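What follows is one chain in C-alpha cells, specifically the form deposited in one PDB entry.
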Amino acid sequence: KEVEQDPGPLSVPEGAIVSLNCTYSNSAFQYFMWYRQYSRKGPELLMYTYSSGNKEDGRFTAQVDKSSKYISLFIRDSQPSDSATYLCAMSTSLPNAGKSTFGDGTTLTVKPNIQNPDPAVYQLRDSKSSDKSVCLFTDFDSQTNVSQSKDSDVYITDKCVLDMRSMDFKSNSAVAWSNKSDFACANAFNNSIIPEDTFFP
C-alpha cells in the first residue's frame, strides 16, 4: 500500500510511447528513483529526481507530481532493447536511514516490428544420432501468440525474438519437441492460432 506499481505485464508494439507509473500514499516521500532490470541481471539506476518536477534524458522522461502522489517514467519510441523489468523506488525526507521502498515492478515487453513475415514450420535433425526431432515455428509477426502443448508428452516454448544486428533483421520463433513417434510438425502447434499462409514442407 505504501508504493503501488501496476504489475502488468505490458506488451506494447515497437515505437509506442510507454508509460510506467507508481502511486504512493506516504506524503513524506521526497526522493524518487527508477531502476531498470534486464532478465537475470541486477537493477541498474535509470532516473532520479528530487521532489516535484520533470527530468528528461534522451528517450526517457521522469515525472513526479507530489500533490497527486503520482510518478511516471515515459519511454519514447520504445525499442525491443527496452524489454526489461522496471522498478520504482522512493525515500522519505532526511533522516531516512538510507532506506527506500520499491514497488513490486512492472514487466515491459516491446514487440519488434516484423516488416516481412513469412510464417513457417521446419523440421530439424540432431547433428548426433537420430530418432529425436525438433520442430521450429519461425518468421511470424508479433500479433501471433504461441499456446502451450495441452499434451504432457510434447513440450512447447514461448515466442522469442532474435536480432540479426548486421542486417537490421529481426524474427520471432518458437520450438516444440517430443520423444513420441506420431509427433509431427503439422500437428505440433495445433493448439496455437497460426497464420493460414504457414508453410509446411
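Numbers follow the displayed sequence, beginning with 1. Residues that one form lacks are left out of the comparison. The term rigid core refers to the most C-alpha atoms you can superpose between the two forms while keeping them within 1.5 Å.
Engineer: Averaging only over Cα atoms, indicate whether 107-115 or 67-75 has the higher B-factor in the PDB entry.
Structural biologist: The recorded data point to 107-115.
Engineer: Taking only the CA atoms, which stretch has the higher mean B-factor in the record, 169-177 or 54-62?
Structural biologist: Mean C-alpha B-factor is greater for 169-177.
Engineer: In the PDB entry, which of 136, 160, 154, 47 has its C-alpha at the highest B-factor?
Structural biologist: That would be 154, according to the entry.
Engineer: Out of 23, 192, 19, 11, which one has a C-alpha B factor higher than all the others in the entry?
Structural biologist: Answer, based on the entry's C-alpha B-factors: 192.
Engineer: Please place residue 150 in the lowest, middle or highest third of its chain according to the CA B-factor in the PDB entry.
Structural biologist: As the PDB entry reports it, the C-alpha B-factor of residue 150 lands in the highest third of its chain.
Engineer: Quick check on the deposited entry: does the C-alpha B-factor of residue 92 sit in the lowest, middle or highest third of its chain?
Structural biologist: Ranked within chain, residue 92 CA B lands in the middle tercile.
Engineer: So where's residue 123 on the chain's Cα temperature factor ranking, which third?
Structural biologist: Highest third.
Engineer: Using only modelled residues of the chain, where does the Cα B factor of residue 81 rank: lowest third, middle third or highest third?
Structural biologist: Middle third by C-alpha B-factor.
Engineer: Consider only the C-alpha atoms of the modelled residues in this chain, order them by B-factor as the entry records it, and name the third containing residue 144: lowest, middle or highest.
Structural biologist: It belongs to the highest third of the chain when residues are ordered by C-alpha B-factor.
Omitted here: the form deposited in another entry. The next part is about that form.
Engineer: After the core is superposed, which of these residues, 27, 157, 54, 51, moves its CA 2 Å or more between this form and the one not shown?
Structural biologist: The only residue crossing the 2 Å threshold is 157.
Engineer: Pin down for me whether the residue 9-residue 154 Cα distance shrinks or grows in the other form relative to this form (closer or farther, change of 3 Å or more).
Structural biologist: Note: Cα gap between residue 9 and residue 154 shrinks in the other form.
Engineer: Three or more consecutive residues, each Cα shifted by 2 Å or more between this form and the one not shown after core superposition: list those runs for me in sequence order.
Structural biologist: Shifted segments: 120-126, 132-137, 143-158, 163-169, 174-201.
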